[PDB]
Structure formats: C-alpha cells, structure tokens
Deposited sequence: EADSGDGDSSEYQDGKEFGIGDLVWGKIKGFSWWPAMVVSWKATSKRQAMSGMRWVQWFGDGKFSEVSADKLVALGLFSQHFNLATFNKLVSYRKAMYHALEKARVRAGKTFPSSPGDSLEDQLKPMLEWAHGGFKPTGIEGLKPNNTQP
C-alpha cells in the first residue's frame, strides 16, 4: 500500500517536520490523495503543516513523533514568530482531543496549558495518547 517502504510514520501521525529554512514544524502525515499532487517517492511522506495547511513531500528521516516534544520545540522561534505560535495551537489542540485530555478556560492564554502539558510529556497518556484512530 501507500507508505509501505519499511520506514516509519503513517497517515494520521502527528510529527515534527524539518525543511530547509524553517525550524522543526508540527505537521500531520497525510495520504497523497489529499494533496492534489502525486504519490510520494519511496521513503518520503506527504505532510500537511499545522498553521498554514500546506503540503510538503518530506523524507521520513526528516520527521520525528510530535510526542518527542521538548526535544524539537524551538523556544526562540516560538518567541519570534506568531505563525509558529498558531501552528503550536492547532497542533496541540489536535493532540488534546486525541489524548482525551481537557483543560480549564485568548491565544497566548489558551496555548499556555497545552504548551505546558506538551512540554511536560503529555500526561497522563504520554505519547501513546497522540496516536490516530
């Protein structure tokens, strides 16, 4: 099937993705049929970037689980770029619903506890709660 090349990551997976000129960026792995483009080359994945909803063909060697959060969260980029803060919001929101996590009740202010939850290791489910389906 699609993405049956031995490498990691399948459809639905929340990932960090690395492309030239950008900090690690949160994304969702999608099927090529969602992209309106073409099938990924072997060992690549199509991902859709949180925050801007664009698609990129990214090597699987340039992706890591979003659950490895503190290891790829870029604090400098976060402070610098409103777009990265929005990406974080939409990415963590998707994570929060998957994990069955809920927070008490702006943007900065809504991000704050999802960001702590993420940086803290996604307790109580851990990364296990970030899986799709």
Spell out the unmodelled ranges of the deposited sequence for me, N- to C-terminal, numbering from the first residue.
-> 1-9, 115-118, 147-150
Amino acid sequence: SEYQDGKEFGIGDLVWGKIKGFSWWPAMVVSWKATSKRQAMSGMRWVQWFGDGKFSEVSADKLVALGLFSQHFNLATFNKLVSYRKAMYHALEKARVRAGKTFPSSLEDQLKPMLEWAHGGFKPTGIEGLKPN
From here on, numbers count along this sequence of modelled residues.
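Just so we're on the same page, rigid core means the largest C-alpha set that superposes within 1.5 Å between forms.
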Which of 22-30 and 85-93 lies farther from this form in 8 other deposited structures of this protein, as RMS of C-alpha positions after a rigid core fit | 22-30
Counting the other entries of this protein, is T35 left out in at least a third of them?
-> no
Relative to the other PDB entries of this protein in the set, is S105 coordinate-less in at least a third?
-> yes
Once you work out the mean C-alpha B-factor for both 106-114 and 119-127 from the entry, which is higher?
-> 106-114
47-55 set against 32-40, stretch whose average Cα temperature factor tops the other in the entry = 32-40
Please rank the C-alpha B-factors of the chain's modelled residues and tell me whether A95 sits in the lowest, middle or highest third.
-> middle
Third of the chain, ranked by Cα B-factor, where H72 sits = lowest
If you rank every modelled residue in this chain by C-alpha B factor, which third holds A60: lowest, middle or highest?
-> middle
